[PDB]
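Only one chain comes next, encoded as structure tokens, the form deposited in one PDB entry.
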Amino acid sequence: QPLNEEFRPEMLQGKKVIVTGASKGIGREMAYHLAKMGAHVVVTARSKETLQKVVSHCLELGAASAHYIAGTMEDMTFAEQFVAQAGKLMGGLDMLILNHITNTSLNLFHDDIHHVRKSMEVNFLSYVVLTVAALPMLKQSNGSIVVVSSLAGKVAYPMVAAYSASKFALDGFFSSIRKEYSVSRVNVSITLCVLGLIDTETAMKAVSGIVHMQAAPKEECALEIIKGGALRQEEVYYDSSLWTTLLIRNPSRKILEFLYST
């Protein structure tokens, strides 16, 4: 059940938040927003040096505390240890923002089973491992899981087959456990974010020169993700066009799920 409330930045004051993939792009922007809101933040990515810079800026911005732990989410042991360590750094966990992805570019699928497996491991499986590791703390705090996804996680696009598979998988998994938490009375919210083109360096390099579309600002995108998580909304849609978000909705699916539950 989502909060029938207007979002206020104070909702994140003193909250203990993990942000993954936070060295750049949307993840970094989320860290910065949370810092401005006075959250405790633990950020992760592979890039130790840029993560320290992100942390330093978070402290400048007014984070209650800020730490980084560097590692690759290809490593499921790292994922497990990271959450345990992050929990100790903050003295608990209120929000788990899962945002990282493995390197993805626009290319036709040509026998690249390696990339399919890697995308599944980093983009999907690690999210599951992180969640399992975080759940005890999240149950303690009646916390929130925020899963960052994509238009390519709701509809099919050429050139992102492996990526799409992993993002669709996130939808299937996390939407299913959401239904389980509802019936099990587990007070942990799950927010799935569906993003259009966002003006991160990664996206801008990737779509040049294949796609020529309006890119939404990464700062606003980051805020909207946090907002949705804070308000415990089931899904967050963010795109430069309001008419895109109208097309992402799937009431037919909602009806089928409603009919099953009752």
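Think of the rigid core as the biggest set of C-alphas that the two forms share within 1.5 Å after superposition. The numbering used is simple: start at 1 and walk along the sequence shown.
Same protein, other form: the form deposited in another entry, not shown, and the subject of what follows.
Student: Once you overlay the rigid core, does the Cα of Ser241 travel 2 Å or further between this form and the one not shown?
Tutor: The answer is yes; the displacement is at least 2 Å.
Student: Do you see a C-alpha shift of 2 Å or more at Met204 between this form and the one not shown, with the core held fixed?
Tutor: It does not reach a 2 Å shift.
Student: Work out whether the Cα atoms of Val211 and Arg117 come closer together or move farther apart in the other entry than they are in this form, the change being 3 angstroms or more.
Tutor: It is farther: in the other entry, the C-alpha atoms of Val211 and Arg117 lie at least 3 Å more apart than they do here.
Student: Using the form shown as baseline, tell whether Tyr237 and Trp243 are closer or farther in Cα-Cα distance in the other entry, where the change reaches 3 Å or more.
Tutor: Compared with the form shown here, the C-alpha atoms of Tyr237 and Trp243 sit closer together in the other entry, by 3 Å or more.
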